[PDB]
Every structure is written in C-alpha cells, then in structure tokens.
There are 2 protein chains.
Amino acid sequence: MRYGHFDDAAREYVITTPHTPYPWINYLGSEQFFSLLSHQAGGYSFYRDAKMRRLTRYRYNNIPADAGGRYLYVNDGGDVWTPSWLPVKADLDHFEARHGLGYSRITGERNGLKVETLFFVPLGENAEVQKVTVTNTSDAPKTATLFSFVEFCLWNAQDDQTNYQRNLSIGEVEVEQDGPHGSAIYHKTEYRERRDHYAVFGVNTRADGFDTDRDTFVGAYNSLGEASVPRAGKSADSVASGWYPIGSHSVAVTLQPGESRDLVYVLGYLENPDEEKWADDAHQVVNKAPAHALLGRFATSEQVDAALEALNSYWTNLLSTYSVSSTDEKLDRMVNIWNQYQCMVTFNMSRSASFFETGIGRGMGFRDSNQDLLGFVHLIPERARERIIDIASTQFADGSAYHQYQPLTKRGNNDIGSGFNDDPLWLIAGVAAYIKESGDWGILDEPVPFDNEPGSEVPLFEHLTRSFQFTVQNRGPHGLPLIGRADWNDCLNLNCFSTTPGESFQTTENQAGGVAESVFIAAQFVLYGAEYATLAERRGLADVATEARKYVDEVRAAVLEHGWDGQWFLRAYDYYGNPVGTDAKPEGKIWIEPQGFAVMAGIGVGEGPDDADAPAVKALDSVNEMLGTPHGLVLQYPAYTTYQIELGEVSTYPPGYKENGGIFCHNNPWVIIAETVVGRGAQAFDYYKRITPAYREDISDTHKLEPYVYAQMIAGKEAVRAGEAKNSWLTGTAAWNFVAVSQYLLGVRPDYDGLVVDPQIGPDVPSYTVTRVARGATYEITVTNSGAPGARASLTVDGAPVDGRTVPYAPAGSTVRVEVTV
Amino acid sequence: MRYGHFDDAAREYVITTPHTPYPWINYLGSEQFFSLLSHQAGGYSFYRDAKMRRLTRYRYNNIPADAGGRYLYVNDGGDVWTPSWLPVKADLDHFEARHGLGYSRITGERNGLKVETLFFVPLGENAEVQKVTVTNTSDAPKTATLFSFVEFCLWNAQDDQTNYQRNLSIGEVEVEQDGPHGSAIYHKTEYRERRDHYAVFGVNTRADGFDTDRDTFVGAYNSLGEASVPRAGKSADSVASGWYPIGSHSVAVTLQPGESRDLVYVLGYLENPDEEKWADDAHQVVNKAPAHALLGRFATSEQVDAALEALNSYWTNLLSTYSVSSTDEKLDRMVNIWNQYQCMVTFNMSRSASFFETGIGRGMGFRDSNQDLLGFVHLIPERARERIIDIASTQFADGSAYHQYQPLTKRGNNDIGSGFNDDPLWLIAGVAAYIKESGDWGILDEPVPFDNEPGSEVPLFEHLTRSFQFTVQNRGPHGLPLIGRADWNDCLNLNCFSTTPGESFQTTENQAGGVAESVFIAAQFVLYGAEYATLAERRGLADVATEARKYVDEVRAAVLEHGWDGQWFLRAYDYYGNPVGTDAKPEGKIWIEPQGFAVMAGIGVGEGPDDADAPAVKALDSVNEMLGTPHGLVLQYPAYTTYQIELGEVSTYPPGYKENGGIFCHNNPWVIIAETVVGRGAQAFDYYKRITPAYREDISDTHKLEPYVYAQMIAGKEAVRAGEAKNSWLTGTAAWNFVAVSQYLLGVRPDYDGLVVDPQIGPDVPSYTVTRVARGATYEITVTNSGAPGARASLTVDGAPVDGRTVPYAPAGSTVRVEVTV
Ligand SMILES: OC[C@H]1O[C@@H](O)[C@H](O)[C@@H](O)[C@@H]1O
Ligand SMILES: OC[C@H]1O[C@@H](O)[C@H](O)[C@@H](O)[C@@H]1O
C-alpha cells in the first residue's frame with residue numbers, strides 16, 4: 001500500500017491523501033531558521049534553537065496527532081473547511097501535499113473553491129513564508145472569508161509547557177492592522193524584559209479583521225476543528241492579555257468563475273539592538289523597523305517566486321557535487337536527491353527536533369554532529385569547517401568532551417549524560433573526512449579552545465592528539481578501551497547497576513572502579529587511530545606518528561586476542577570482567593556493532609570473500625544468519641527478555657525495539673561497508689536495499705513513517721510490530737548510508753591525495769556513471785560492473801590505464817574521464 | 001453570575017452546568033494517593049509524587065481545555081454520549097456535578113438513560129474508585145453498551161511528555177478478562193526493569209470486551225470526542241505494544257423501566273516485594289495478588305458505600321475541632337468546611353499539582369509547607385509533627401535550607417532556586433504554631449539531622465537556634481537582614497541583574513557582594529524571633545532568651561529608624577543601598593508585605609485605632625488607599641511599567657498580574673491580621689470578604705475559577721482582566737486566611753499556656769458561637785459582639801468572670817463555657 005509517489009523531475013514526494021499511516025513531515029530552512037511541516041500543515045518553527053527560541057506552539061502526543069499548525073479556515077457561505085484537511089476534516093474534492101527541497105505545497109479543494117499554499121523559508125531570511133492561491137473552480141461567482149491561524153509559543157518551549165503558574169500572565173501582543181504593506185500581529189512576550197526579539201505574523205493586504213487571543217478565536221469547549229470565529233464568519237478582533245496569544249487575520253475575497261487571488265503571509269523572527277528596541281521614549285511600543293522591512297521583501301507574489309527560484313538554484317548547486325545515473329531509479333533517487341537532502345537536515349538539526357525528538361533536552365550531539373559531517377562535507381565544506389571548530393570547542397583538555405551543546409549558545413552541557421568514551425574518537429573521524437574532501441590541511445592549525453575557555457586555544461590538531469591519547473590512556477586489563485558511561489550504544493551502561501526507577505540511565509551517576517571494556521571503541525580506535533597517525537605524519541610529527549601506530553597495532557592485536565568469541569566478535573567486558581556478547585550466554589549472544597566496525601577497521605580480513613576461515617567472514621556470516629530480517633539487521637540476538645542489571649538500559653526495552661533487538665539502522669551501514677571490504681558487494685547492496693526509503697515505499701503501510709527519509713529504528717523480528725519504524729528524519733543513518741552507497745557501494749571516495757574509485761555493489765547495478773566534483777575538478781566516472789564477488793576495479797584515465805584505484809587529484813577546472821572496469 | 005451553589009448540609013458544591021468559565025476541580029485522597037478531578041471527569045491520579053509516580057496522563061493547555069480524563073462512553077442504539085458532557089459534547093437532558101469532601105459525583109442523562117458516577121479515593125487505599133449507577137428513566141426497557149476509558153501515563157510525567165524517542169517503545173500491558181471479581185487491565189510499563197509497581201484498571205463484572213491501545217480505541221485522525229470503538233459499538237480487544245496504553249472495558253447493560261444497575265470500577269496502584277514480582281519463572285507475567293485483593297475489596301456496591309461512609313465519618317471528625325455558628329452563612333460555610341478542606345489539600349499537595357501547577361518541577365517548598373502548617377495543625381497534629389521533622393531534616397547546619405524537597409524521597413533540591421533568606425525563620429513559625437496547638441514540647445527534643453545526614457542529628461530546638469542565628473549574623477548596613485536570592489516575594493531578586501533571556505530569575509546565579517536588605521525579613525524576625533525567645537525561656541535558657549529578645553529589639557529599632565518611608569514601611573534596600581518601596585520613586589511606591597507583617601509583629605502600633613500618629617495606622621491607611629480594590633489588595637503600587645534590572649523578576653510581569661500589581665492573596669491575610677491588632681475589626685473583616693470564595697461566588701463569571709477555594713492571584717487594578725483569578729487551590733492563602741478568620745477575626749487562638757478569645761471582626765457579625773476543641777477539652781465560646789472600633793473582649797468562664805482574654809487550658813475531657821462580651 002502506498003500513499004503517494006516520488007516525482008524525481010520535480011525533486012518532490014507527492015502525498016495523495018491526508019490519510020497517511022502517520023504525519024509525514026518536511027523540514028523548511030537550511031541556515032538558522034527552521035520549520036517542521038507535516039503534510040497536514042502541522043508543526044512549528046524556531047530560530048537556531050528549538051528549545052530556547054521556538055516561535056510557535058506544537059503539541060506532541062495530541063489526540064488526534066498533529067492537530068495544530070498553520071491553518072487557513074475557509075468560510076464559504078457558512079461552510080467552514082481547511083485545505084490541509086485537519087483540523088476541520090471536511091470532505092475535500094481534491095487534496096495533495098508535495099514535499100520538496102526547502103518548500104512544500106499543500107492543496108485542498110471543496111465545493112468550487114481550491115486553495116493552494118506554498119510553504120518555505122527563504123534563503124537569508126529568518127521567516128516562514130506562505131503564498132496562498134485561492135481559485136474559483138465553479139461556474140458561478142464565489143465569496144469567501146479566509147482566516148489564517150498560528151499559535152505562538154512563549155519562546156522557551158520547556159517553560160511554555162510546564163510553567164503556567166507564571167507564563168499564563170505574561171503573554172503580550174501588538175496589533176498593526178494598517179501597516180506599510182498590509183496587516184500584522186506582533187508576539188512580544190518578555191520583550192518588555194530580557195528578550196531583544198519578537199515574532200511577527202502578517203499578510204500582504206489590509207485585513208478585514210484579526211484575532212490574537214486563542215480562547216476567543218476557538219471558543220470555549222471547542223477544538224481547533226470547531227473554531228468559533230471562522231464559523232461565525234468574522235474576526236473578533238481580540239487583543240490578548242496573557243493566556244494564549246495567536247496570530248490570525250481575516251480576508252474576504254470575491255472571485256468570478258476561473259478567477260484566482262494570491263495572499264502572502266509571513267511568520268518572522270526579528271531582533272533589535274538593545275538601544276533600538278523601542279519606538280517610544282517610554283519603552284512601551286516595539287520598534288517595528290525590521291518587521292516592516294521583512295514584510296516589504298515579501299509584499300508581492302513576484303518576490304515570493306523569485307525567492308523560491310533562488311532556493312531551487314541553491315539546491316541544484318548543492319546536488320551538483322555528487323550524482324549518479326544507473327539502471328536503478330530507486331538507487332539514483334536516493335543518491336541524487338533524498339539522502340543528500342536528509343544529510344543537510346541532520347547537519348542542521350542533529351537529533352534535537354522532529355515529530356519524535358521534542359526539541360527540548362537534546363541540542364547538537366558531539367558524536368551525532370561529527371558523524372553527520374561524514375555525509376555532509378561534500379555539500380558545503382565551509383560550513384562543515386565551522387561545525388568542526390564549534391564541536392572541538394566543547395572538548396575538554398584531557399580529550400573527553402561534553403556529549404552535546406546548546407544550539408543557541410554553542411556551549412556544552414550534561415543534560416543527556418557525560419563520560420561516553422566513544423565521543424573523543426569521532427572528532428578525528430570528522431576532521432579526517434573533511435580533510436580528505438577539501439584538502440584544507442590548514443584547519444589543523446585553527447586555534448581552538450577547550451570548553452569555550454577564552455585564552456585556552458590550541459591548534460585543532462592538538463585537540464585530536466587529546467582525543468587519541470584519551471583512548472590510549474584509558475584501556476582495560478585486556479588492552480581494550482574502557483567503555484565508561486557507554487560507547488556508541490547509549491544503552492550499554494556497564495558502570496550503572498541502577499535499581500532506582502524513573503532515573504535516566506543516560507544521566508544517572510555511574511559507579512567508579514570496575515574493568516568494563518568496549519570492543520566497539522577498540523575497533524573505532526584502530527580505524528580512526530590510523531587516520532590520526534596519518535595526519536601526524538603529514539604534519540611532520542614522525543615520532544608521534546610512529547608511536548600512534550604502535551598503539552593502533554596493540555589495540556587491534558587485543559581485539560583478535562581478547563575480542564573474539566569464535567564465530568563473531570565479542571561486544572565487551574562487563575564491570576566484573578565477564579564477556580558481553582558471547583555464545584556462552586543465552587541472550588545477547590551476538591551484537592552487531594563490533595562486527596561491522598571491526599571489519600571496517602580491517603581486523604580479521606583474509607585472502608578474499610571465499611576465505612570462509614577469516615574472522616571477518618565468519619563474523620559477517622554470523623551477522624547474516626542471526627541478525628538478518630527482511631527489514632534490516634537487528635542490533636543483537638537473542639533480545640534480552642529480563643532486566644540485566646549489569647548491562648544498564650539495553651534490556652529495559654521490550655524485545656525487538658530500539659537497542660534491544662530493534663533494527664537500529666545507524667549501525668547497518670557499518671555491516672554494508674564491511675561487506676564491501678571483504679569483497680561481497682552483492683550482500684552489501686542487499687543490506688542497503690532492506691533499509692533504504694525508495695525500496696521500502698511499496699510497504700508504506702508497514703514502515704508507517706516517511707517513505708522518503710531514513711528512520712532511527714525499525715522494529716525487529718522479535719517485535720509484534722516487526723517492520724514498523726519510529727524516530728524518522730533525525731538519525732546518523734542518513735550520513736552513514738550516504739557514506740556507504742556513495743563511497744563504498746558505488747565506490748567513489750575522496751582520499752588525501754587522490755580520488756579512490758573502488759566499486760563493490762554486486763550484479764544488480766551492472767552499469768552506471770558517477771559525476772563527482774572533487775577539489776574543484778569534475779570526474780566523470782563510467783562504470784562497467786560484472787558484480788562478481790571479490791572482483792575489484794581496474795582504471796583507465798583520459799585514455800591511459802593507471803595503476804591501482806586511486807586517481808590523483810587533477811587541477812581545478814579540469815574534467816577527468818575515468819573508465820572503470822569491474 | 002453563578003454556575004452552581006453550595007450545599008452546606010451535604011458539604012458539597014453543586015455545579016449545575018458543564019459550561020463553567022473554567023474547569024473546576026476537586027482533590028480526591030488525603031493520605032498517599034491523590035486524584036485531580038474536574039467537573040467533567042478531567043484530570044489524573046498519582047501515588048505520593050505527581051512527577052515520578054503518575055498513573056494516568058493529562059494534557060495541560062489542551063484544545064479544548066480539560067479534554068481527557070475518566071470517561072464512560074454510552075452507546076444507546078448507535079447514539080454515543082458521555083455523562084461528563086466532554087469529550088463528546090452531546091446534548092444532555094440533565095447534568096450535575098457535586099464536589100464533596102474527598103469524593104465527587106457527576107451525573108448526566110440523555111434519552112432515557114441516566115448515568116451517575118461517584119468518584120473517590122478510599123481511606124487506606126492507593127486507588128480511585130468509581131461507583132457507576134445507570135438508570136432507565138423511560139417507560140420502556142432499554143439496552144446499551146458502556147465503554148470505560150482512562151489513558152495511562154508512563155509513571156515519570158516529565159519523561160512521558162518529552163522522551164518519546166525512547167518511551168514510545170516501552171508501553172506494556174496485561175489483559176485479564178476472566179479475573180476473580182471481573183475483568184482487569186494491567187499497565188506495567190518498566191515493571192520489566194526497575195519498577196516494583198504497576199497499575200490496574202478493573203471492573204466488578206466480566207466485560208464483553210476490552211482495549212489497551214489508544215490509537216485503536218480512538219481511531220486515526222480522531223479526538224476523544226469521536227472515539228471509533230464506542231461509535232462502532234464493540235471493543236476491538238486491542239493489546240498494546242508501545243505507543244499509548246489505555247484502560248477500557250465494554251459492558252452490555254439491560255434495564256427494565258425505572259431499573260438501575262451498579263458497576264464498580266477501580267484504578268489502583270500496586271507494589272510487589274522484589275522477590276514476588278512475577279507469577280512465572282520466566283518473569284513475564286506480573287504477580288497479581290495485591291491487585292486481586294484490591295479488586296475484591298471493591299467488588300460490591302455495599303463495599304463502596306461502607307468506604308464512602310467511613311470517609312464521611314473521617315471528615316466529620318476532622319471538622320469537629322473548630323466550628324462556628326453565626327448570622328453569616330457565607331462565613332460559617334468557609335470556616336466550618338471549605339477553608340479547612342483546602343488546608344488539608346495544601347498540606348498534602350503543597351504547590352506541586354493543580355490545573356495550573358504541572359506536578360513536574362515543584363515539590364514541597366520549605367517556606368510553603370511551614371506556612372501550610374499554620375492552618376493545618378488543628379486538623380491532624382500528629383501529621384503536622386511528622387511534617388515538621390521531615391522539613392527540618394532538609395535544613396543545613398548553618399541555618400539555611402533547601403528551598404524545597406522531592407515528595408517521593410523527602411530529599412531537598414535546588415530545582416526552583418536556593419538561598420532565600422526568609423526560609424529559615426518559617427521553621428520557627430511552624431513549630432510555634434504546633435506547640436501552641438498541641439502543647440507537645442517534647443518535639444523540641446526530637447533528634448533531627450541536617451540534610452538527611454547520618455550522624456548529624458541534634459535536638460529540633462537546636463535547628464530553631466540555627467534559623468534564629470542565621471538572621472542575626474546576616475544583617476546589612478541598616479541592621480536589617482540581608483535578603484539573599486529573595487525573601488517571601490520570589491520575584492524580588494536584588495542580587496540578580498539578569499540580561500539573559502529564558503534563564504529563570506529563580507535559578508540563575510546571583511552576584512556576590514552588595515548590601516541588599518529586606519524589611520519584610522526584619523518584621524518576620526521580630527515576630528518569630530520573639531516566639532523563639534519564648535520557646536527558649538520555657539526550656540530554661542534565660543541566657544539564650546535574653547540575648548534573643550535583645551536582637552529582636554535591635555531589628556525592631558532598625559525597622560522604625562531605617563525602614564520607615566513616612567506614610568508606610570519601606571520594602572527593602574537594593575544591591576547598592578538604594579531604597580525600594582519609597583514615595584521618592586515613580587513606580588513601586590508602596591509594597592504590601594512589610595505593611596502587614598511589620599504591624600503583625602507589633603511594630604509601629606500606638607494608643608489605638610485612632611492614634612493617627614502611629615506608624616502602623618499610617619501604613620495601614622496607605623495600604624487601604626493605594627492598594628485597595630473591590631477584589632482585594634494588590635502587592636504594590638504603582639506597578640512597574642518597564643524592566644527594572646536591579647529588582648529581578650518582579651517587573652517582568654505586565655502590570656496587574658502576579659507579583660507586579662496583582663492581588664497575591666497570600667499576603668492579604670497579613671493586612672487583615674494587622675488591622676485586628678490595631679483594633680479596626682470592621683476593616684479587617686472587609687478585606688477578608690473581598691478575597692473569600694463564598695463571598696465571591698456571586699461574581700463567578702469574573703473570578704472564573706472555583707468558587708469554593710482560594711486562589712493564588714486575582715488580577716489587580718492595572719490589569720485589563722482585573723478580578724480574574726489564576727492558580728486556584730494550591731496557595732498559602734488557604735492556611736493564612738484560616739489563621740486570620742479563626743484566630744484573629746473570630747478571635748479564638750491557642751497560646752502556650754491558654755486559649756485566647758480576642759474577637760475583632762467588626763459590627764457585621766453581632767453574635768456567634770465558636771466550638772473549639774483544644775488540649776483535649778471542648779470550649780463553647782458564646783460571643784456577643786458590638787463591633788465597636790477598638791473595643792476588645794471581656795470574659796466570664798463557667799459563670800465566673802475572669803481578667804484578660806486568655807483562658808488557661810482546662811483538663812482533657814472538660815467542657816468550658818466562656819461568655820464573651822465585646
Ligand atoms: O518558582 C516559583 C515562583 O515562580 C515565579 O515565576 C512566580 O512569580 C512566583 O509566584 C513563584 O513562587
Ligand atoms: O539520550 C538519548 C538516548 O536515550 C536512550 O533512552 C535511547 O535508548 C537512545 O537511543 C538515545 O540515544
């Protein structure tokens with residue numbers, strides 16, 4: 001069952017019904033202002049920080065879901081309906097929602113009146129613009145009144161939802177019916193005090209009426225679907241004083257058959273210099289200069305169209321760096337559009353706000369943002385550069401770091417815990433990926449502070465040495481890295497032993513002592529420790545590099561000597577020194593993380609894919625057999641059926657969900673990459689298809705969430721809801737799958753001095769061409785792939801055969817034609 | 001004007017329409033299990049802690065408000081309606097909601113079927129019981145199917161509302177259609193791990209069907225008012241797996257004309273010893289022993305009725321300590337029932353959970369629980385004693401204390417601030433009130449630790465000396481106590497100077513240095529410092545006592561010399577030594593707190609009510625003129641119209657609301673008491689009536705909130721919403737108003753060595769009789785009041801005239817009859 005389809009030419013997903021399995025959203029904005037917009041106009045907007053500067057209010061777990069957003073009530077001769085269907089739910093003759101890149105169009109038609117709304121955040125603007133087109137599709141004149149509606153949030157989302165004892169008395173607004181370009185409403189709660197910002201909601205026409213008080217607009221005992229004002233046919237011109245401020249304007253229109261009318265609405269975030277906050281000496285009236293300027297830039301449809309066109313050009317440019325043309329339109333669709341679009345979203349949102357993440361406790365994750373860089377560096381390297389600096393600035397002198405930082409202030413916090421020992425290494429991963437992509441070796445010289453300490457700056461490279469040394473100086477009795485709070489797996493807390501209900505394992509105090517070690521961090525250290533060594537060598541630090549490689553060899557040696565269970569890699573050693581993830585236990589016999597990451601590091605790789613005796617092959621074979629399901633690879637097997645106190649949060653989840661038997665998509669690409677490493681491209685591509693959006697669209701009724709983006713987890717084989725996803729959009733799954741498909745499956749990956757072309761995708765993709773812009777040059781890579789296992793590519797460049805699979809970077813401005821034969 | 005009426009004989013408030021200005025609630029329970037229940041069945045229940053053990057989910061700021069609670073969908077031939085009106089909102093032939101003491105009855109009738117529901121929490125039980133009576137009021141036999149409904153909360157309310165990324169995968173339940181006494185549903189989320197508790201929702205009959213998944217019961221795209229299952233007329237027998245667990249049973253009923261049937265539903269909280277949690281070896285089935293037992297205790301209507309009568313006898317007994325019979329039934333109503341009922345609620349709830357306080361951040365405030373004791377000690381002295389010990393156990397060795405403590409752990413925390421210099425003295429206030437009431441001097445010897453520290457125990461009296469000494473050693477340049485973070489007024493933050501938005505003035509770090517002083521703490525010290533001295537004198541500490549009264553003398557002198565502005569007392573001195581609350585400033589000229597408290601402490605009192613030269617009189621006259629309004633006395637005048645950086649949070653509220661010009665009811669009783677001290681009983685009684693429920697019932701459309709309980713704040717004179725209240729139920733206004741009316745207006749107040757009878761209520765109550773049980777004896781106080789200004793009483797006890805107004809305590813079991821002439 002499907003509820004829409006992909007429109008590749010328009011780079012949009014077309015949702016053809018309001019009746020989807022779950023609200024399907026799009027993200028508007030790619031700079032500092034963002035909007036979560038569902039196919040039913042639901043959601044909210046915020047500036048830089050979803051917790052601290054949320055413009056509008058949204059209710060998670062509402063009944064029904066997603067009943068609240070940007071609505072346009074249409075009163076046609078007494079009949080009231082909304083084109084987004086919800087909240088009124090009046091029968092519509094036609095409905096369609098198109099989610100595009102940075103914009104969405106939602107159209108609803110009922111009884112001869114069609115209303116189309118274009119939603120988007122213009123480039124360079126901290127605002128959400130709506131271009132509404134009302135068309136009389138009947139054969140007779142029509143007169144209707146349109147009521148816009150948005151519910152404001154009191155900036156601090158957390159305060160908004162919990163501190164009514166105070167905030168029900170602070171709501172303040174200003175009303176400007178006769179502004180320079182039309183009518184506008186100003187939400188200025190706390191502007192009288194510490195806030196130098198306010199929100200504006202206006203329309204490019206002089207409104208017939210307005211409303212700023214929710215209770216008056218909606219009416220007592222009524223839901224948004226039964227709003228009194230629209231039903232009455234006229235605004236109540238309410239002026240709020242506390243309680244719930246809203247933005248609403250009414251506009252009556254008369255249209256002859258076939259005639260249409262445009263209306264442009266703007267929801268904007270404005271700021272004023274402290275000395276320019278007030279229009280009056282008494283400091284009672286807000287200075288509207290920036291608001292009047294904003295409304296002026298979108299006073300006409302022509303201005304809107306120009307901005308939309310600029311946005312389209314912006315995306316065409318971003319997507320011009322990596323593209324592919326093959327015989328698989330689902331693959332191409334993901335690689336050329338959707339996976340890259342999603343990587344921009346994760347780069348901006350981290351794991352903070354979606355229709356699952358509430359935009360409160362989570363900011364920008366240290367681990368999360370570093371990994372997102374992996375799939376974002378080719379898009380806008382200059383912004384990836386700044387992000388690296390912001391991230392490394394929240395790192396501590398000893399190498400450890402804040403697990404996340406507040407988006408608004410860029411300062412780290414422990415709101416979701418601290419002491420995650422896998423964090424430090426991810427910084428090296430990010431910098432390495434960035435340097436391979438840009439060749440910007442100078443970034444290593446950038447002065448970077450520790451915990452934003454003015455005057456504590458040291459070269460970025462020094463930060464990497466702190467990260468590297470942290471792991472070296474924190475290994476257990478087996479020579480494996482100590483796990484600490486937890487490694488990549490947030491629920492593997494071996495230093496917890498909590499018996500206190502309700503207290504988060506993520507933040508709860510941990511027990512000192514013990515010998516808990518992580519096999520995953522060991523693999524992570526081997527993989528990224530090598531990159532550090534390489535970076536140190538290029539920097540002229542020969543001894544440091546030599547030393548670094550010694551440690552790397554020691555750790556990998558430990559994995560093979562103390563991290564092997566027999567047919568797969570061990571997961572870790574608990575607080576007691578006992579093995580975790582061994583066949584010796586009845587549950588949690590094999591964990592996926594080390595299997596994929598150890599092989600990615602090259603640990604246990606043998607003669608070839610046919611070497612059934614190489615550890616890597618045995619491990620991946622165990623992964624296939626024990627963790628495989630038609631929906632992807634489950635985290636571990638069997639899932640824990642009883643609380644295992646020495647393991648922490650993991651066993652608290654019912655079997656088959658999240659970290660306990662759920663398909664945690666984020667780690668699937670590691671197995672995909674591992675498979676290409678051992679030379680089994682066919683299997684790697686297989687795993688890729690099981691979890692990729694375009695391939696799962698045909699089972700939308702099972703996946704349930706957005707069919708155009710990856711989700712964090714799909715219920716596993718042990719779950720009653722097997723195959724059903726949760727936590728869509730914000731997940732490292734996007735960055736990692738893009739790395740997997742673009743760099744390992746399609747095989748085009750940037751290295752320090754050359755571009756590697758190493759296809760390993762199997763026989764399902766026999767021929768394809770990748771256009772890759774790297775270091776200012778364009779590489780047209782034509783591939784003829786037999787897909788034979790173990791078969792590696794041979795190259796020919798500009799007519800002449802070359803040695804190996806690394807094409808040294810050609811000078812900027814050139815076009816290199818690489819002919820690849822696998 | 002009115003939406004119901006008081007029913008004194010039944011001790012209930014009868015709401016005669018579902019269309020009230022705002023949801024009006026009642027609190028069920030008085031021990032460890034509590035329920036918030038609106039007149040539309042909205043609300044939720046929790047065990048001991050509203051944040052960590054919430055059984056059911058409730059949405060604050062929902063659209064519409066209060067859409068969610070204990071519903072019973074009646075399907076009669078396809079027509080579906082709910083007796084609580086919401087959420088279906090079907091036209092009812094009859095509707096009524098009676099809120100009583102620890103129970104409520106909601107009745108709705110539609111098309112021949114009347115459904116009455118009795119809600120209550122039985123004594124000694126951790127459960128909410130519903131006794132439903134369905135009656136066929138037609139002349140023909142009828143049939144219908146009733147669907148019960150309750151939405152579970154995942155215990156941790158904070159996590160429930162924000163951590164969906166995790167909790168949408170942990171919801172777990174168990175269904176038992178064929179139990180020992182009927183059908184039962186079990187909500188056992190996280191019982192699998194650290195929780196030793198689960199909830200049960202059962203009915204005393206074998207249900208036809210059930211539902212545990214919200215989405216299935218309600219249906220996609222539907223609100224609770226459009227629930228699919230009830231409309232279909234058949235349960236879907238859903239078994240939840242994550243998402244949203246609910247409790248619902250379908251019961252088919254058949255009734256002959258005039259016939260009725262009872263159904264008993266139970267929502268219970270159960271715990272099992274760790275070693276008896278499971279019924280199976282595999283640990284997958286919860287041990288239902290305690291649940292079965294509970295359900296058995298409420299399997300019949302007879303058991304419910306017996307429990308209700310025990311509850312009634314319980315309240316009759318509690319209300320037998322202080323009673324009054326006068327010519328004013330509104331006064332009697334408040335004194336005899338409602339004010340005392342509310343004091344029991346505030347004692348249990350503090351300021352944690354109401355339809356305004358969200359039951360998340362606020363626990364049990366030090367200052368709040370000490371003041372609540374003032375109006376609760378006569379009800380259950382043993383519990384008051386226990387509360388004092390728990391409270392003082394969260395005090396630090398230097399006198400200061402945790403501003404509040406978590407109800408479940410009784411451990412302090414800084415979640416809402418710390419370092420409020422008025423907190424310490426409230427401990428003395430609470431103990432003094434308890435000693436005077438009980439005569440239990442032994443409590444002073446009770447060993448109490450500091451911050452719950454093992455081995456730190458010292459006698460409770462020492463705790464009081466630490467409080468007393470903290471103020472003496474923390475005075476500023478004028479000899480007035482330093483204010484610190486703030487005094488009683490949480491918004492007077494003189495050491496804040498915050499320019500950073502979002503940051504709560506309550507938690508933000510204050511600046512060191514400065515000489516900020518509080519005139520309020522000065523008056524508080526003079527008042528309770530004297531009480532401390534008396535306690536010391538009784539313990540034989542002439543040394544300690546003598547010095548103590550000297551300090552009181554010094555501070556008293558300081559107030560008159562440095563805290564007098566000319567026509568009223570100064571409020572404070574800011575960080576730079578600048579006066580606050582002076583006529584020299586344009587705004588915030590006079591603040592109410594010091595006026596009432598200074599006079600209560602006897603500061604500035606002269607020759608009588610007409611001594612125009614007395615500071616106390618000048619101050620009170622100023623209060624009347626500048627702060628008086630028909631709805632009570634505003635905190636200060638005029639309100640601040642611009643942000644005063646050096647004053648903290650106070651000026652951030654728009655004029656007329658909360659601490660900035662609002663009527664903060666809590667401090668009105670201080671002026672009421674002050675007026676009785678000065679001898680102006682008529683004016684004191686006037687103020688009492690302006691803010692008291694029974695007197696404001698006639699303007700319910702203006703007060704908006706519950707007409708039977710005090711609220712924290714009523715919009716003041718400068719607010720466009722003047723007269724409208726917010727934050728009902730949970731406020732110290734209840735305890736202080738009871739003190740004022742019972743001890744100073746009516747004049748019956750316990751003293752250390754006797755019961756003082758000092759009426760001072762004015763001419764509006766010419767005669768009344770108070771029945772007071774004190775120290776085991778019953779005092780029948782017959783008062784003949786002239787109400788003459790300044791006129792105070794002369795007493796005759798048991799046919800023998802006496803001198804003064806203090807009747808020494810008669811032996812227990814006695815009945816003394818005191819004739820009072822005023
Ligand atoms: O933290 C609790 C405090 O919050 C402040 O915002 C309010 O003005 C006070 O009335 C309240 O006591
Ligand atoms: O702090 C966020 C973490 O919360 C845990 O409960 C979840 O299992 C993790 O997947 C998540 O990363």
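Protein chains get the first letters and strands the later ones, always in sequence-line order, with residue 1 at the start of each. Order of appearance sets the numbers: ligands from 1, and atoms from 1 within every ligand. Because only heavy atoms are used, hydrogens play no part in the values below, and waters and symmetry mates are left out as well, while side chains stay in.
- Heavy-atom neighbours of B:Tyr405 OH from other residues, nucleotides or ligands within 6.0 Å: above the threshold of 12.
- With no hydrogens or angles considered, a side-chain donor-acceptor pair links A:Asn163 and A:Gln165 at under 3.5 Å.
- Within a 6.0 Å sphere centred on CZ of A:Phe505, other residues, nucleotides and ligands contribute more than 12 heavy atoms.
- A 4.5 Å side-chain heavy-atom check between A:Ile483 and A:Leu492 finds at least one atom pair inside the cut-off.
- Within 4.0 Å of ligand 1, the residues that place a heavy atom are A:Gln165, A:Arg166, B:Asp490, B:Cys491, B:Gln506, B:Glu649, B:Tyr653, B:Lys658, B:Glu659, B:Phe664, listed by chain and number.
- B:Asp372 and B:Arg367 are not joined by a salt bridge, as no carboxylate oxygen comes within less than 4.0 angstrom of a charged side-chain nitrogen.
- A side-chain donor from one of B:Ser241 and A:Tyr657 sits under 3.5 Å from a side-chain acceptor of the other.
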